[PDB]
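Next up: a single chain in structure tokens, the form deposited in one PDB entry.
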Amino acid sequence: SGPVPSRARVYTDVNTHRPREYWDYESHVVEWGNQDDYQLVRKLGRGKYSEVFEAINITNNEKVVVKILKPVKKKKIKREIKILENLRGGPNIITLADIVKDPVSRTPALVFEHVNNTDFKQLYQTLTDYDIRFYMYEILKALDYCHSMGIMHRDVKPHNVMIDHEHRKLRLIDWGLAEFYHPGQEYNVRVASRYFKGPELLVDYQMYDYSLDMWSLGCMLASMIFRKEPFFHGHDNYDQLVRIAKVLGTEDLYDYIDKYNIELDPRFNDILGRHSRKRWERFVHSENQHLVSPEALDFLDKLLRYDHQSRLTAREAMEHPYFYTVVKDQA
């Protein structure tokens, strides 16, 4: 027998209530700017589907980030553009400034607002208890917004969070894996980086929703408060679920499998074993205790659930006691 269907607990029908054009990205026509407005300054890095550069817009002298695409299906390019245009102006959402057609590569190049990022491998070792709560609340503003707008990011991880610490400015970037949520839709499970993949992806449960981003956020919170990067360190996608089971326990995992009538890959049988649910205290030591409090642990536990339906929504997460001083300081 097949798996039990699932629906998002919140923002379930927001795309159904919108005109077809909002989410029907295959019919989206791309609006092209002038490629001569931009002069590349230097390379910043690379991605699976791109090469990214710092550039100067020669019409206004503004610094921009240019993402020149590698060959990618036209519908996937239209999807990222549509999602970016839909989320434009949203809290802590990266701004897509322009779309141009590269002359050498003949591919599109997406032009973004520049963020003066403080590299995560250097920034995280300086963050206080307050900074983690502050930036976690800022990520939640972006997530509650994109979820309310019927979009799942599906690639939440430290590298997709640009922080200008000096200006306490955060932007959630790289919407290249983002999708529109539609009740009853089965999505590709081959999304996100290994360490941030939700149990639904690892067990091949396709009818997932916004709650997938909440698991990714929990992985990020666990890595920050415990100073353990990555928190769930799998050797591959199968071992990734084993790393989760050694912390969350195998009992809740088999309960989750049973609830949704998920047929487990036979490989999993011999590697999952039997594991008790651990207490968060075993990850606490003299070097991370200043970032760990009962509020942090209670909040973390409520994010890292096998059952996607039982994880906090971004809005419920914002109401958690862990953020009381951040909320009070923002008012």
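Each form is matched to the other, and the largest set of C-alpha atoms that superpose within 1.5 Å is called the rigid core. The first residue of the shown sequence is 1; numbering continues from there.
Although not depicted, the form deposited in another entry is the subject of the following passage.
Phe120 is the only residue from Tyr145, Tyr254, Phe134, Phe120 whose Cα shifts by 2 Å or more between this form and the one not shown, the rigid core being superposed. The two forms, fitted on the rigid core, differ between this form and the one not shown by 2 Å or more at the CA of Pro103. Relative to the superposed core, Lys48 undergoes a Cα shift of 2 Å or more between this form and the one not shown. Compared with the form shown here, the Cα atoms of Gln122 and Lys67 sit 3 Å or more closer together in that other deposited form.
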